[PDB]
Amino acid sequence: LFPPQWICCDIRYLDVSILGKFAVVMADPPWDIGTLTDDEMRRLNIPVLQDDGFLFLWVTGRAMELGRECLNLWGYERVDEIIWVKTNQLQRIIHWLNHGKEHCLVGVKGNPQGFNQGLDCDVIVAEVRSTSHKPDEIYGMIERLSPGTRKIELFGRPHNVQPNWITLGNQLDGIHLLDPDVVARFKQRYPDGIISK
């Protein structure tokens, strides 16, 4: 299980119930501000991914509101909000106002136990890279929050794959699964591969 794993898919159509339950979900969705309409975002089957845990939801623009809507629709309460202050290599900051930050809503579901709440603070300071590429520091914050547990990323790209994480996105190369319970349920649900309709 431990090493990076991923599934090239259309997240709208994958039967995510084969994946099991996760201590953490993180998503960087293509909000409609190759996008997803607000109904497709609302319809995503996030509720099956977790029993008790945390959700990290990147938002910009009107998705600051729509993401709160999805957050609550999926059954989370928003309990924190990470701010990523965007800098260059010299640690200087990069309609009505110029934007120096991006927001990550943090939702809780159920009653998580054994998490180390309070180790990190809700501000990230990290370099901008390629566009839409969030900072790698979030994986450290999340690992310290919930060490060794299973995590799932939605709408990740190849650089997002990490140990302890399963990455889903349509720009990944193929299907790399190592957890036996997952490969089992993947073979049963998808005996020939193929994730259409």
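Residue numbers here begin at 1 and follow the sequence given.
Going from residue 94 to residue 95, the model skips 4 to 9 deposited residues, which lack coordinates. Per the record, residue 33 and residue 34 are separated by 4 to 9 deposited residues that are missing from the model. Looking at 83-91 and 69-77 together, the entry lists the larger mean B-factor for 83-91, computed on C-alpha atoms. Taking the mean C-alpha B-factor of each stretch as recorded, 19-27 and 182-190 are not equal, and the higher mean is that of 182-190. Per-chain ranking of the deposited C-alpha B factor places residue 137 in the lowest third.
Residue-level temperature factors show residue 129 in the highest third of its chain, judged at the C-alpha atom. The PDB entry assigns residue 39 a C-alpha temperature factor belonging to the highest third of its chain's modelled residues. Among the modelled residues of its chain, residue 107 has a C-alpha B-factor that falls in the lowest third, as given in the PDB entry.
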